[PDB]
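Protein chains in written order, with our numbering: chain G, 1 to 130; chain A, 131 to 380; chain Z, 381 to 821.
Ideal Cβ positions, reconstructed from N, Cα and C, are used throughout, including at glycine.
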Amino acid sequence: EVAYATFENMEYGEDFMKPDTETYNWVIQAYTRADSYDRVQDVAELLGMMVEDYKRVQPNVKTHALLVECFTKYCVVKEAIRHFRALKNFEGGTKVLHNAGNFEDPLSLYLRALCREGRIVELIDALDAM
Amino acid sequence: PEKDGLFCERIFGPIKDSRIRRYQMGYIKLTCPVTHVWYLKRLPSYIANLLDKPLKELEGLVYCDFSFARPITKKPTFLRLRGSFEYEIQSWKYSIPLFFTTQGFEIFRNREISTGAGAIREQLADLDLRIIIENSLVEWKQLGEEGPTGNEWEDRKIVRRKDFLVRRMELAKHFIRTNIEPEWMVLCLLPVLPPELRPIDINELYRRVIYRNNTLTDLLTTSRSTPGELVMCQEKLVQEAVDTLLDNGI
Amino acid sequence: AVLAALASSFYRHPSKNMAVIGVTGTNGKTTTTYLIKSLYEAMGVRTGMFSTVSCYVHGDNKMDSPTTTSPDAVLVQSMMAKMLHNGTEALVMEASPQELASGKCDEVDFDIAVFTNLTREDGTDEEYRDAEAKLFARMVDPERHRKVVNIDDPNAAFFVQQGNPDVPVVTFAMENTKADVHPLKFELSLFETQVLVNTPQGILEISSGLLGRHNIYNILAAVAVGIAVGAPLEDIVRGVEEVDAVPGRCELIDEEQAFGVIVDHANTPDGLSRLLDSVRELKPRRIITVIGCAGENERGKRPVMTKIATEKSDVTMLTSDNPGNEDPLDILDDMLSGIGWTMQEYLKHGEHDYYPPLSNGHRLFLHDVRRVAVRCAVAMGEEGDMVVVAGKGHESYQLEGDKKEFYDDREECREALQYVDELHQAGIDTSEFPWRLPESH
């Protein structure tokens, strides 16, 4: 809420205060790395704002890294796969998602989530990215 | 003010600084746990939703001196008993306690058969909230798999069960993302309002639960009291005293 | 350093005045000691006894000297004066290999030396052999005192050479019919063992409550000792027959039921394995085992115990032996690792009220609470089955946390057999762990 309040102050503001790609990453990151109640709905709505603001904001490597981190953590895998496929198109790829194994490494979770869900075909694709 | 009373100076601060009497408050040590009526009899019952048992079973477990089987699953048990028993087991009163001796029988007594709100509290503690989400989801998924049944009454109940499962898993998903334990719905300590907020109606309620609870201690601290018909008598009443103290209209 | 001269001076060489009998070996020391003590009791001789299980100073009356491993050497001779002060005539004690090696028994005037057997499963290999030989190296007198050896042990020839070669020797063994005492005919039963032994004086018949051939050595030693002291054959029968239950050493507790109950002190993988196959030779219908492990100690043996028990025994009952500060369920979880099970998996079967049998077809029923476990195993025995408890033996205390709650397995089995019939007459089906009450399902 501390980060989201700053986002609202600039989302509903002047043109030079309008959020950019970097801004959306921080707000999503705050909700993903939350030690509190469920935040998956807020991330989806926050993502909904970014896609609506497509004429100005385009996602980057860090954007899909958090979305894959968020969706895998909240057990929603089908949407995690979609962003991982877009994540593979970047040269940094899984290394950004790895985050040096910090924050209870999400890169391992995506591999582990696919294994438990049985989505092996997507799992071998993930190994190709690594 | 009498010592250790509802207006005791030691518990609630000096009578005449004296302003602390509005804030400092005491508690009541209940010998038996008591269900919070806000989550038991206020339909829909959160305890009933969480335990998946119908409200009628829970009502009889705390008011109709029923007994419940397998309250605890996290510990080994050796019995074929399944769930709520509206009738007292004949072998459970003179055969099993004699075989395992009274001292050894009470060690695992609550592990096999529990009665009153203690059965609910232990059952709530034993709940595997992760498992509750998993099996409710597949059960909910299974119900919609069949689809229409061609009968209005059957389709009426399939909607109720599906909404019950969704409400159940939603309750479970909230518990593990917060620091609220479901055992707290069955309180073993009763907070007392500060004396200033209750000057001399609810005081007689507080004195009602206190003396009812104290006489229950006399029915347990004594050497080999008569169990059952006497232990339950001032165990359901103490439930009622806390009941009317918290919510009386329900 | 050595000192202890005052110990033999204040006592005035108390061991010399009395008759001291030494029994040494890896297995069957305690059982032999009771047989010898009852054999000396049967002859009218006052008996002194200092085994590990108890410290009988005379007859039946007990005492509570500090039983902390080997007592102090000066302290050891102190009560030897005390028993002699009351007038004790005969003395017998387990010649522990560490006790005489440490020099605790330095001024003890031993009279009869008995070598049960050497297996070395308890370090050195040949130094351990001569460490036990110091008991026979004490034997200087060649004409008065006596030696007793067991030929079946290959080390007997080594032991007999020790000390004075001229000492008379009485030889006992199951095989080597050339032995002085050998079993002509022996029968093994779940409640008694009957053996016909050919003593040099004549054929002798015995029938005692000691079960299994592992104690026939003790029975053969007991009669052989009687021959060494020249005991009459009839009196030897009374002494052997009198002893029927040594506390914690394969003790049979029989409250006139259809299947015996065995209480044993085995807690090691070797001791349990040796015991379980030593009861299969008794030809029982089934074997039921109750085995526990101590908490926070020798945790590397817990999976081994379950693996041995589940193979030798048809039904196994894992329990908490001495949880201490460790969680009793955690100890059982280490046990289940031996079979690949987990406590979580076991409790899942508990929900279904059906515990699947093992790969070999055996049953595994665990319960953390000790009192409700030993009693439960007793009710699980049919006609011809055999129930054995392990890990406690004679130790009458259950170490929970830091408190040593008084718990004796003998009382548990005694009471369980008393009320098991009432459980069956009430319709309770105590055949498998999920008991089927009349109101069930």
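Cβ-Cβ distances below 6 Å link A:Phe-137 to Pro-131, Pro-325 in the same chain, with the five nearest sequence neighbours on each side left out; the list follows chain order.
Per DSSP, reduced to three states, the secondary structure at Z:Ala-674 is strand. Boundaries of the alpha helix (DSSP H) harbouring A:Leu-180: 176-181, taken from the DSSP string. Contact between the region 503-520 of chain Z and the region 535-549 of chain Z is present: three or more C-beta pairs spanning the two stretches fall below 8 Å. Around the beta carbon of A:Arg-149, fewer than 16 other beta carbons lie within 10 angstroms, which makes this residue exposed.
For A:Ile-237, the closest Cβ of chain Z is nearer than 8 Å. Secondary structure at A:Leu-273: helix, using DSSP grouped into helix, strand and coil. At least one CB atom of chain Z sits nearer than 8 Å to the CB of A:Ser-221.
If you look at Z:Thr-413, you'll find it in the alpha helix (DSSP H) that goes 410-422. Counting only runs that start and end inside the region 216-244 of chain A, the alpha helix (DSSP H) elements of at least 4 residues fall at 221-224, 226-230, 232-242. Per the Cβ contact rule, the region 687-699 of chain Z is in contact with the region 643-659 of chain Z (3 or more Cβ pairs under 8 Å).
Using a Cβ-Cβ cut-off of 8 Å, A:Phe-208 counts as an interface residue toward chain Z, since at least one Cβ of chain Z sits closer than that to its own. Under the 8 Å criterion on CB atoms, A:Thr-308 is classed as interfacial with respect to chain G. By the criterion of a C-beta distance shorter than 8 Å, A:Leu-376 is surrounded in its chain by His-166, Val-167, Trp-168, once the five residues flanking it on both sides are discounted. In the DSSP assignment, Z:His-742 falls outside any alpha helix (DSSP H) and carries neither an H nor an E. Around the beta-carbon of Z:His-645, 16 or more other beta-carbon atoms lie within 10 Å, marking it buried. Residue-level contact check: A:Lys-271 does not touch chain G, since none of the beta carbons of chain G fall below 8 Å from its beta carbon. Annotated three-state conformation of Z:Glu-631 is strand, per DSSP. Not a single C-beta of chain Z is nearer than 8 Å to the C-beta of A:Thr-232.
Chain A has a Cβ within less than 8 Å of the Cβ of Z:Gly-730.
Assignment of Z:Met-443 by DSSP, reduced to helix, strand and coil, places it in the coil class. As computed with DSSP, G:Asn-102 is found in no beta bridge at all. G:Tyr-37 has a beta carbon lying within less than 8 Å of a beta carbon in chain A. Per the coordinates, the alpha-carbon of G:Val-96 lies some 53 Å from the alpha-carbon of A:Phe-198. Put simply, the CB of Z:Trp-815 is near chain A, with a gap under 8 Å to one of its CB atoms.
Fewer than three pairs of CB atoms, one per stretch, sit closer than 8 Å, so the region 679-688 of chain Z makes no contact with the region 610-620 of chain Z. Put simply, the CB of A:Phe-229 is near chain Z, with a gap under 8 Å to one of its CB atoms. The contact set of Z:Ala-481 on chain A, defined by CB atoms closer than 9 Å, is empty, because the minimum CB distance reaches about 44 Å. Assignment of beta-bridge partners to A:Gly-246 by DSSP yields no partner. The beta carbon of A:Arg-251 is closer than 7 Å to those of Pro-163, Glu-313, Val-316 in its chain, skipping five residues each way along the sequence. Our two residues, Z:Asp-546 and Z:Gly-651, have alpha carbons roughly 37 Å apart in a direct line.
The beta carbon of Z:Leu-464 is closer than 7 Å to those of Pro-394, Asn-397, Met-398 in its chain, skipping five residues each way along the sequence.
The residues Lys-183, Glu-187, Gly-190, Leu-191, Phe-196, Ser-197, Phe-198, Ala-199, in chain order, have a CB closer than 8 Å to that of A:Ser-214 in the same chain once the five nearest residues on each side in sequence are set aside. Note: Z:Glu-567 is bridge-paired with Z:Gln-574 in the DSSP secondary-structure output. Take Z:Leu-709, set aside five residues on each side of it, and the residues of its chain with a beta-carbon closer than 8 Å to its own are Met-723, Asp-748, in chain order. Separation of Z:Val-603 and Z:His-438 (C-alpha to C-alpha, rounded to the nearest whole angstrom) is 21 Å.
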